[PDB]
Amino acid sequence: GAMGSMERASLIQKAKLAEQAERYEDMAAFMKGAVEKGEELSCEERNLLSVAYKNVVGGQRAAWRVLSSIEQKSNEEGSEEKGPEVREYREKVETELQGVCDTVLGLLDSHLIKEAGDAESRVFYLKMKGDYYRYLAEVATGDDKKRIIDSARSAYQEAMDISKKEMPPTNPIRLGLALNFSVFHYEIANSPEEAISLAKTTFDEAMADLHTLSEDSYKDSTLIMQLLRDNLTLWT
């Protein structure tokens, strides 16, 4: 694409500069270019990819929520008609958000997932696939909403199955997958009991494995375990 003429290593270097400068759209474009070189991504590079797009879509999701809330208020009884503008602009933001999700899902399908054989890579990418279908589900209101939800579910479930077989219960990728799948259950699938069960079982199995870890690994795992606890506290 636009990044076709830039060296892979230069794209990676510039993604890191973009991160330092908090230029996440640039970072994402650099990492898209790197993926399109066709080589597999290292661990560091996978995390650059995920950071970039998470920040871009995160901003779009926050904006969408603002606009949706305004739109909902406009449609209450007693609200003065303001014309089509709120809907139009929410739709604009929504369409851009869907585009970013489609771009990420496209990179995963062409061809990151199919070349990912190690558990750490494959689970990472399947978690991403679940996440970006979850973002699509957040804004879905039509005939395909069930199918979008099921696509998220299926990706998370495959990641979960691999992670349970191939990773220790304290592995940060495994933990973060479970955190997010739990939120999927609560917020998307209308399954709060499943969400709570998953978060609690994940926490407790991780706590039992902390004894095996170095100081630095312990720090990494306990950080995510605290997020599980934070959600459990929100939900109970």
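Just so we're on the same page, rigid core means the largest C-alpha set that superposes within 1.5 Å between forms. Residue numbers run from 1 along the displayed sequence.
Of the two segments 207 to 215 and 186 to 194, the one whose CA positions lie farther from the displayed form in 9 other deposited structures of this protein, once all are superposed on the rigid core, is 207 to 215. Superposing the other copies on the rigid core and comparing 17 to 25 to 218 to 226, farther C-alpha placement in 9 other deposited structures of this protein marks 218 to 226. Gaps at residue 138 occur in none of the other compared entries of the protein that contain both adjacent residues, all of which model it rather than a third dropping it. Omission of residue 82 is seen in a third or more of the other entries compared for this protein where the adjacent residues are built.
Of the two stretches examined, 66 to 74 and 189 to 197, the record assigns the greater average C-alpha temperature factor to 66 to 74. As listed in the deposited structure, the average C-alpha B-factor of 129 to 137 and of 77 to 85 is greater for 77 to 85. Annotation for residue 113: CA B-factor lies in the lowest third of the chain's modelled residues. Ranked within its chain, residue 219 lands in the highest third, by CA B factor from the PDB record. When the modelled residues of the chain are ordered by their C-alpha B factor, residue 227 lands in the middle third. Ranked against the other modelled residues of its chain, the C-alpha B-factor of residue 90 as given in the entry falls in the middle third. Residue 26: CA B factor in the lowest third of modelled residues in this chain (values from the PDB entry).
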